[PDB]
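**Q** Quick one, what's the 3D model for this:
(3 chains, ligands or ions: 4)
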Amino acid sequence: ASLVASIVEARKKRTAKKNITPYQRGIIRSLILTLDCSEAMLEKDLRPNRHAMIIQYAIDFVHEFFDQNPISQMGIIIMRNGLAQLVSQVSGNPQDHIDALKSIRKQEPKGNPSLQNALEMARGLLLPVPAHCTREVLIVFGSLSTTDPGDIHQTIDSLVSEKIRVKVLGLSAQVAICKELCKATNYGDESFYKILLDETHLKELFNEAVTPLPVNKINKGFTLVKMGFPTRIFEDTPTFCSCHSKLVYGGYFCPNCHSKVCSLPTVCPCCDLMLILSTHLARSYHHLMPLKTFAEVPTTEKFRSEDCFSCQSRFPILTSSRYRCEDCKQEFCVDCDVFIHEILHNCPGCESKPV
Amino acid sequence: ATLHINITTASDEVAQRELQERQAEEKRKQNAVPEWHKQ
Amino acid sequence: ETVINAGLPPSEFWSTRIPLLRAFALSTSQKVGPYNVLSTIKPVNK
Ligand SMILES: [Zn+2]
Ligand SMILES: [Zn+2]
Ligand SMILES: [Zn+2]
Ligand SMILES: [Zn+2]
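**A** Residues are numbered from 1 along each chain as shown, chains lettered A, B, ... in the order given. Ligands and ions are numbered 1, 2, ... in the order given. Below, you will see the structure:
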């Protein structure tokens, strides 16, 4: 029954992944990362301490966030001494945010937290954000109390008016204001307040936030954004960059003003036109046409081949160790199913099948 | 009894940090292990 | 270089740097919340 217990647990896990509808997700995002650096973060529940582990996972989250959302922006805020301190402006450069996080790793956390001050700062940083970007705040709360100078309820109402979205990751237990902040801001949904139960769950929670948030049906902001695809150039002599005013051997050339840039994707410092490559947009295609989940094939029926269709692995001879895709009706091994829905985003059988 | 108050100005706080660093340095030098114990 | 000798108007120079101005103002425009101050004061003969 031990082996059966694992399989049913896998089936239960697959149950949540069976209902994959092509929800409309906002690929272009604008995130504000509010981290907590207060006396409550000096505890030892997370080895070595809450401050160290959160920063380490924040750096990993920054890396993953920009890898899967290349045309998004991020900012970082820290709650220290009852005030909100800005450590990184909204920008598309993953290195600037990582550099700020590393510097924060040295200073010891102290003082009391203030959600209102952090939220008010977030409201300002997200004010100069286009209407086609999803304004989001990912708060990592660690305290069980909040000391604020004003009425937190007024700020919550203001956030809803500006179409901002808030995700709160608590540490110890539920807090009433955080639940209201996440509920009144997410159109009544109560699934945006997550409390970790161990270190492993914490890694999953950050990794989950990397994916884009599905949009509501009544929140329509459809529009066309003027983008540009520059052509990389190879120059023999170094030239001054239009963004940092330094000498760089290479760089892309904008198609609107011919001014050069060092790295992509970034908005042109001259014409304020977003510059991206075809690859940057291709990274998000799997969020618009998600691959339909594979359904376990019952052992009652007969199978097609003894080996995997994609990896040519002998199916281990009770339960059928085969997963089939309804679109192409090709059996797959258990190992392939994980790699086809997480790393890859196309069913090899469907592509191989002619039409 | 006697109550002595000390108002800490922003500049005084910076000085206190400098004194703490100097105090830590002084203690560290005194606590250096002898030569015969190092190697 | 751009506003003193070149002659660019001051108003236009700050048009593209609104977030910088706002970020600088928010730093000194926020205050800590109310809290019992005399309770934390411990006198710790002198
Ligand atoms: Zn540059
Ligand atoms: Zn340009
Ligand atoms: Zn396989
Ligand atoms: Zn298929």
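
**Q** so what's residue 23 up against?
**A** Assuming you mean chain A. Neighbouring residues of residue A:23 by Cβ atoms under 8 Å, 6 or more residues apart in numbering or on different chains: A:214, A:215. In short, each C-beta sits where N, CA and C put it, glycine included.

**Q** my question was about chain C
**A** A:86, A:89, A:124, A:125.

**Q** Quick check: the gap between it and residue A:80.
**A** 16 Å (Cβ to Cβ, to the nearest Å).

**Q** One more: residue A:247?
**A** 38 Å.

**Q** Could you do residue A:262 as well?
**A** For residue A:262 relative to residue A:80 (Cβ to Cβ), the value is 32 Å.

**Q** For the two, indicate the residue with more neighbours.
**A** residue A:80 (22 against 15; other Cβ atoms under 10 Å in any protein chain shown).

**Q** Just list whatever residues bridge to that one.
**A** residue A:83 (DSSP bridges).

**Q** That one touches residue A:36, doesn't it?
**A** No - taking Cβ atoms under 8 Å as the contact criterion, residue A:80 and residue A:36 are not neighbours in contact, 9.0 Å apart.

**Q** Show me whatever sits in contact with both of these two.
**A** Common neighbours of residue A:80 and residue A:36 are listed as residue A:109 (criterion: Cβ under 8 Å, 6+ apart).

**Q** contacting residues for whatever residue of chain C ends up closest to ligand 3?
**A** Here chain C gets closest to ligand 3 at one residue, residue C:19, 50.0 Å apart by Cβ to the ion. The contact partners of residue C:19, by Cβ under 8 Å, 6+ apart, come to A:89, A:90, A:125, A:128.

**Q** And the buried ones among those, selectable in ChimeraX?
**A** In ChimeraX syntax, the buried subset of these is picked out as below (16 or more other Cβ atoms under 10 Å in any protein chain shown):
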select /A:89,90,125
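
**Q** Take the contacts of residue C:19 and write them to CSV, including distance to chain B.
**A** Compiled in CSV, these are given as follows (distance: Cβ to the nearest Cβ, whole Å):
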residue, distance to chain B
A:89, 26
A:90, 31
A:125, 27
A:128, 33
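
**Q** taking the contacts of residue C:19 one by one, which sit in strands?
**A** A:89, A:90 (DSSP state E).

**Q** between the contacts of residue C:19, which is closest to residue A:208?
**A** residue A:90 (22.1 Å; Cβ to Cβ).

**Q** Pull the contacting residues for the closest one.
**A** So residue A:90 contacts A:30, A:32, A:73, A:74, A:75, A:125, A:126, A:128, A:129, C:19 (Cβ under 8 Å, 6+ apart).

**Q** for the chain, what spans make up the helices?
**A** No chain was given, so I picked chain A. Using DSSP state H, the helices of chain A run over residues A:2-18, A:50-68, A:94-104, A:115-125, A:152-161, A:176-185, A:199-210, A:278-282, A:334-342, A:348-352.

**Q** Sorry, I should have been clearer: chain C.
**A** Counting by DSSP H, the helices of chain C are C:10-13, C:18-28, C:37-40.
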